[PDB]
Amino acid sequence: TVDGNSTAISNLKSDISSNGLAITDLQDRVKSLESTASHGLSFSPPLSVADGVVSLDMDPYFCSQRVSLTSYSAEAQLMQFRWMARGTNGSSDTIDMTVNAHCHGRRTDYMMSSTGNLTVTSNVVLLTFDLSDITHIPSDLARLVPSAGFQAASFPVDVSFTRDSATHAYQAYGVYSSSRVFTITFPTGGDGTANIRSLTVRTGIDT
Amino acid sequence: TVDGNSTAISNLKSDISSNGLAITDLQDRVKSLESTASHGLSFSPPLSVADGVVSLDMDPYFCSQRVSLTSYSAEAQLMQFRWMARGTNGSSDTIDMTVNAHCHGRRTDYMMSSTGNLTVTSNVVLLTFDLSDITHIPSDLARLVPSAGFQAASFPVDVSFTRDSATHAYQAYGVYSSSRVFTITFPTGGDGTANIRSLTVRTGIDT
Amino acid sequence: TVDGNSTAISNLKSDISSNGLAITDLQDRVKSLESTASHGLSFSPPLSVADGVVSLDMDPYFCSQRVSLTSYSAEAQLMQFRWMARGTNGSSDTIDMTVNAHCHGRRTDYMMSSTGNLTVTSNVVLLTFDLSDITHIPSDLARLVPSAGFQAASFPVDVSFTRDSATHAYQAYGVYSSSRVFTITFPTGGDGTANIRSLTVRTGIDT
Ligand SMILES: [Cl-]
Ligand SMILES: [Cl-]
Ligand SMILES: [Zn+2]
Ligand SMILES: [Zn+2]
Ligand SMILES: [Zn+2]
Ligand SMILES: [Zn+2]
Ligand SMILES: [Zn+2]
Ligand SMILES: [Zn+2]
Ligand SMILES: [Zn+2]
């Protein structure tokens, strides 16, 4: 019985030792899993996580998904409004422009035609387009604001008008002085005080 | 020996107790790892997973990668075909248009010129362009279908023609009535029954 | 005491057995965690990982983020340079072009006008624009190289000029023969040896 107990004790010792080795294996295996690189992955914008789902956040004016990342899903608009333009050099006059702005994705294309005459005093005129001078400002006013990248440079503008019964047309340029205001510069077809009529302006911006 | 066995038993008890505490530590540590947030991350379109690899799925007509996400990789096409256009108001006639469609990324730019005369009966005419009236329909017909976003609005179209030995040219507008059919509306340069010739149409769509 | 030791031994055996079952549970639970799918996720371009952060890598000429993935952030440029163009069929002459290149995102729009006369010998002329013939090559020369996708096709070019006191204007086409060289083809308004002047070229490329 002392001998029987001693044999039982030797058996227990063996089992305890097995358990001890199984616990050392589990300790190593759990050490790995605690350090696995994929734990604490995070996602910077335009990637985001909500309830375990990783998403690409998409500006619908620029892109969308149809399985794959493709172009804009937002509805195009053709806005129609009146914009009073201001002579800001070579003219102190104003002129009403009937404006169609075709907004498709983040491109806004302007087609403008004037009503009335603009009095000019020099051979070149600067004509300013400030969002505050728009009558019945559209809802999606964001469609009329150029992006910061677009604003950094002058952009091409087609201009045409009549003066003293003759048509003039020029490839000219505009530039934004701020996010709400651009000015175009164009020749007036002559010198001195005169009136130009049937002013048309065609240009486009990236918003 | 009873005393020796009792000392051995006290030693085993101590070892069993250590094992027990090592197992409680492992149980807590495994509880953490079972709940780690990064487990069961999923990826919604345009993101996808295949064999552990997370990818951005890219429409090659819109974007591609050159390390960074950049613009289209698909080859531009210049398609040339004949499109029979239909007078649908102010005309019951038809006219064959020779069409160059310049497809670059998801922009398709149309340059059309007519062969023949179109009989008009009013001062304004509606001219319809249905994909079914294209002769030798191109392979990439998808390049001639506007996106849902683009279809939501009228879009600018340049039109010019001759009538009674005089040129006319107008900035006009088209609109899609369905994904396969657009109609342009333009003045005819006069009134009554007449024939216009040398019709040219320039416009573009987002696909 | 033999009986007391035997009772202690039976108690230890019970504890060892509990420990053994707790270790088998932990072994199974650790087996799961070792195989979890989210372990060893990787990210293919334009997705990337740095220090646990997953990012969308963005070409700033094409896209940016303002929370959501939107259009370009790079500053637009209006470049002005002189490009000597080469007659390469129907002319052996050269002509200096004053070029405005409006670079907005990955679109580059060219507005060119000539200084001088170009001698032509046929009714059609090919005029070549090689980046090596640009005087004072701009810094961002990449803005003048079409993308591989754009190069695959001919593209529309507007051309106008004067010849013998009369204006001519044509919708024409260019094509890249390599990434640095495009040629435009246009009618010369007549036949035989003559001089054209006031050449203007308007076209655009995707870069
Ligand atoms: Cl004993
Ligand atoms: Cl144990
Ligand atoms: Zn013995
Ligand atoms: Zn894990
Ligand atoms: Zn006034
Ligand atoms: Zn003792
Ligand atoms: Zn007919
Ligand atoms: Zn007993
Ligand atoms: Zn020469």
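Below, read A as the first sequence line, B as the second, and so on, with proteins coming before strands; counting in each chain starts at 1. Reckoned from all heavy atoms, side chains included, excluding hydrogens, waters and symmetry mates.
Rounded to the nearest 0.5 angstrom, A:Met112 CE and A:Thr203 OG1 are separated by 8.0 Å. Interatomic distance, CD1 of B:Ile205 versus OG1 of B:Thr108, reported as 5.0 Å (0.5 Å rounding). Atoms CD1 and CZ, on C:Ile95 and C:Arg197 in that order, are 9.0 Å from each other to the nearest 0.5 Å. To the nearest 0.5 angstrom, A:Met111 atom CE is 9.5 Å from A:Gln80 atom CD.
Side-chain contact between C:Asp130 and C:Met84: absent, with no pair of heavy atoms (C-beta onward) separated by less than 4.5 Å. Side-chain contact check for B:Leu56 versus C:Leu56: some heavy-atom pair is nearer than 4.5 Å. The shortest side-chain heavy-atom distance between B:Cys103 and B:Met79 falls under the 4.5 Å cut-off. Using a 4.5 Å cut-off on side-chain heavy atoms (C-beta onward), A:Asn100 and A:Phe81 make no contact. Counting heavy atoms from C-beta outward, B:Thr185 and B:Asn89 have side chains that stay 4.5 Å or more apart. Residues A:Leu199 and A:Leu127 form a side-chain contact, since some pair of their non-hydrogen atoms from C-beta on lies under 4.5 Å apart. No side-chain heavy atom of A:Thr193 sits less than 4.5 Å from a side-chain heavy atom of A:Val120. A heavy-atom distance below 4.5 Å is found between the side chains of B:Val125 and B:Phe186.
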Could you give the side-chain donor-acceptor pairs of residues 140-161 of chain A under 3.5 Å, partners two or more places apart or in another chain?
from	atom 1	to	atom 2	distance (Å)
A:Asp140	OD2	A:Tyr61	OH	2.9
A:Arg143	NH2	A:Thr207	OG1	2.8
A:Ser147	OG	A:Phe150	N	3.1
A:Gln151	NE2	A:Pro146	O	3.2
A:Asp158	OD1	C:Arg202	NH1	3.0
A:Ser160	OG	A:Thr200	OG1	2.9

Anything under 3.5 Å between a donor and an acceptor, one on a side chain of residues 67-77 of chain B, the other on a protein residue two or more places apart or in another chain? List them.
from	atom 1	to	atom 2	distance (Å)
B:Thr70	OG1	C:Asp59	OD2	2.5
B:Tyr72	OH	C:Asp206	OD2	2.6

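The heavy-atom pair separating C:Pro46 from B:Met58 by the smallest distance is CD-SD, 4.0 Å. Minimum heavy-atom separation, C:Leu47 to A:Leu47: CD2-CD1, 3.9 Å. Residues B:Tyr170 and B:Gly189 approach most closely at OH-CA, 3.7 Å, considering heavy atoms.
With sequence neighbours excluded, no residue satisfies side-chain hydrogen bond (donor to acceptor under 3.5 Å, both in side chains) with A:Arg66. In terms of the ring pair (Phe, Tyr, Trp, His ring centres under 6.0 Å) criterion, residue partners of C:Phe129 (sequence neighbours excluded) are, by chain and number, C:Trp83, C:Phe182. Evaluation of the side-chain hydrogen bond (donor to acceptor under 3.5 Å, both in side chains) rule for C:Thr98 yields no partner, not counting sequence neighbours. Taking the side-chain hydrogen bond (donor to acceptor under 3.5 Å, both in side chains) definition, one finds that C:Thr183 meets it with C:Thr128, sequence neighbours left out.
Judged purely by atom type and a 3.5 angstrom limit, B:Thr188 uses its side chain to pair as donor or acceptor with the backbone of B:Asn123. One N or O on the side chain of B:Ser44 and one on the backbone of A:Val54 form a donor-acceptor pair closer than 3.5 Å.
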Passes side chain to side chain contact (heavy atoms under 4.5 Å, CB included), C:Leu78 versus A:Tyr173? Steps please.
CA-CA 10 Å; C:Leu78 184 72; A:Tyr173 291 90; 3.8 Å; yes

Take A:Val181 and A:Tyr176 through the side chain to side chain contact (heavy atoms under 4.5 Å, CB included) test and state the conclusion after the steps.
CA-CA 6 Å; A:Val181 186; A:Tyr176 284 86; 5.7 Å; no

Side chain to side chain contact (heavy atoms under 4.5 Å, CB included) between A:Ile137 and A:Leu131, intermediate numbers included:
CA-CA 8 Å; A:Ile137 336 209; A:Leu131 296 181; 5.8 Å; no

Run the numbers on C:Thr162 and C:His168 for side chain to side chain contact (heavy atoms under 4.5 Å, CB included), then give the verdict.
CA-CA 6 Å; C:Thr162 67; C:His168 302 273; over 6 Å; no

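A donor and an acceptor atom, one from each side chain of A:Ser48 and A:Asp57, are located under 3.5 Å apart.
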